[PDB]
Every structure is written in C-alpha cells, then in structure tokens.
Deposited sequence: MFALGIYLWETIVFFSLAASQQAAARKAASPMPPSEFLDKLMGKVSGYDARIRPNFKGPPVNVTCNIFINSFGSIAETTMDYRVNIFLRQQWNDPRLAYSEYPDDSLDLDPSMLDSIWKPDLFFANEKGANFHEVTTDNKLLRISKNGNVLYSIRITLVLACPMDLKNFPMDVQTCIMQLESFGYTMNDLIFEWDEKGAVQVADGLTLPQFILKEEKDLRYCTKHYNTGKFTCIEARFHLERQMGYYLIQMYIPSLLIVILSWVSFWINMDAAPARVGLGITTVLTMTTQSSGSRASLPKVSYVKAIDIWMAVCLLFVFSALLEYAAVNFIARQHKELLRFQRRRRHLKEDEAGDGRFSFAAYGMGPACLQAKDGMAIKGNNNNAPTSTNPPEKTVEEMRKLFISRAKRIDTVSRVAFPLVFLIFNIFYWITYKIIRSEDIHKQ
C-alpha cells in the first residue's frame, strides 16, 4: 500500500472530515488528560513579580473518526506540518506573559495516532508566569506559585479537562536553582471559573519553593553584627576625655544606616514590615544608645569639672558615678543582645515549622 493514498484518504478532501466541528457533536463532553514535563525552571524575581519556565505540554483525547484499522501496525508517527487539518483544542494560561513558540529549523511539534483514535499532541513553549508572592518574612520564606490551564471558548458541556493519575508532573534530572530549593510535593487540584458568559473548566498546579539562607547571612547578618562589634568594646575602653570616641560612634551610626538603606534595593515597594527591617532597626537602636550613654557621662563629667573649678568629696562622688555607669554598661549590654538573638531566631524557626505543616 502506498503511504500517500492513506494520508490523503484519511484526512483530506475525499473524507467528510470537517476540522471545525468537535468530536461527538451533540454528545457528551470531550475528555482531555494533560501531562506536563518541566525542562528548565529559571529567572525567579521579586520586583517584576513573575518567573520563567520552559515546559513540554502533552494532551491526549479520543476521536470516533480517525480510526483506520487497515494497516497491520498499532500506532503511526505522522509529520508535524499537517497539524492544521485536525481538531486541536483551545488552551491558554490565565497568568500569561510572553509565551512564544520555539521554531528552530523545524517546528517543535509531535503527532501520534492509535488504531482506536487516541491522539498524542506535544508542544514546547516558554512561559512567563506571574506569581503574587507574599514577603511577610523576607529572609526565611516559602513561596507558592500557580499554573492554570483553562478553556477560553467552550463551556462545561464540552472539553472537560482532567489530570493524569500517573506521572502528572515530571522534572528533568539534575535540575537546580541557584537561589531556591524546589520541593517534591506538587499538589494538584482544580478550580472551575464562573463568568457572565458561562462557566468554564480549569485545572491548577502548585509548586513550593524554599529560599536559601546562605547568601543573606554573609551579605547582611555578619557585617551588621561586625559594626555592632566595632561599637561594643572599641570606645568604652578609650579615655573619657576623647573627641575621637564620639567621632567613632557617629561614623558607625552613619555607615550602618547607609547599609540599611542599601539592603532594600531589589525589593518591590510594600506597606508591611519585613523581618530584616526588624533586625536592622534593633541594631540601629543599640548603636544610637551608645552615643546616648556618651552624652550622659560627658554631662556628669562637665558637672564634676564645673564644681571642681566638701568639693573633693563631691568630685569623688561624681567620678565614682562615672565609673559605675561605664562598668555597669560594659556588662549590661551583652546579655540583652543575647536574649534578643535567641528570641528572634527561635520564633522564626518555629513559625516556619508551623507554616510548612
């Protein structure tokens, strides 16, 4: 048998196959199973609020026509340039940006057809998809990003979309993300869409992402704690009558606030307060208090000098006050810092532990 005669007899002009009519017309809705393969997950960002993904869409449906049963083989791998003479279903994504097809040398398309009429359609597409992430806890967080597949032009009475029981979502081997860790859970549920025109089918897929804490610690947690260390026992040791001691303190306050301004650069503008903001505010409070304490001891020493110019006994009293304040501080401040850090770290670890459940 010649191949040409079968290919034009099956789906051509001599056949009564109209490509504008759905299979099982005036009948039960056409069921469609959808299988997705993830080739390369990438380009997650915060300011734009979207990520990039390159998928391999695969959808199967049945046709009562296109049942040959004359060749002795089971399936046929047809050419992909005659995909315009069959009934492809419509499918779009609600959060759709970009989405251009890949057509290098030959169109990246695939067609298969079985003896009973089961078809197999495979398309390669790169999707820019919008994820509305919530940055309540900025350094430690889990983000859920949504993919939606739905029918633009048909109602529920036609083209019901179903998931696949086995291997619904697959990932390419050895795929890694520099910033996030993907979780192997991939919970699947479907939510219908209601409009004034009608009610339309939809299916949804969810991915869970965990941010890596490694980078953030080195850029922000360690240098801020260094600036704090540079104030803990660097000027308290120094002599009370020093211009430089106040200079040291002012410069430390200045550069740490400049770092605090530096931290909020990539982040999109939001009303609510992030965890990193809390940490920077507390560190700024300690370094500002350092100058405060200096002002206090300088004012007490000024009274001592003013009366100095019974007086010796009062002079002794005033210097003794100075010594008590400085030593008391030199041991008072470390513990409050310690109590803070332990409280902050334990509360953030337990809130992620509760949220993940």
- request: Provide the list of deposited-sequence positions lacking C-alpha coordinates, grouped into contiguous ranges.
  value: 1-31, 341-394, 443-444
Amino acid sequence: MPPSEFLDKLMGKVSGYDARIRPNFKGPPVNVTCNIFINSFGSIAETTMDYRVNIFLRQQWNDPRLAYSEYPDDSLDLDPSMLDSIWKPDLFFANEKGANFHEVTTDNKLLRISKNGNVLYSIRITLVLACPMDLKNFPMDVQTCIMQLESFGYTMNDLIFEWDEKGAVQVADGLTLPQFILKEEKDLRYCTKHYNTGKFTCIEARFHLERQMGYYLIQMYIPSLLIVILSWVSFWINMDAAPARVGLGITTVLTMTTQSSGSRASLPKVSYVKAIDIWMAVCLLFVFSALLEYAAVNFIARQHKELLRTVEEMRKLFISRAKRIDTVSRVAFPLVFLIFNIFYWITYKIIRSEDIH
From here on, numbers count along this sequence of modelled residues.
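In this text, the rigid core denotes the largest set of C-alpha atoms whose superposition between the two forms falls within 1.5 Å.
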task: Just give me the stretch that moves more in 8 other deposited structures of this protein: 96-104 or 124-132, judged by RMS C-alpha distance after a core fit.
output: 96-104
Rigid core superposition result in 8 other deposited structures of this protein, more deviant of 230-238, 277-285 by Cα: 230-238
query: Does a third or more of the other compared entries skip modelling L307?
result: yes
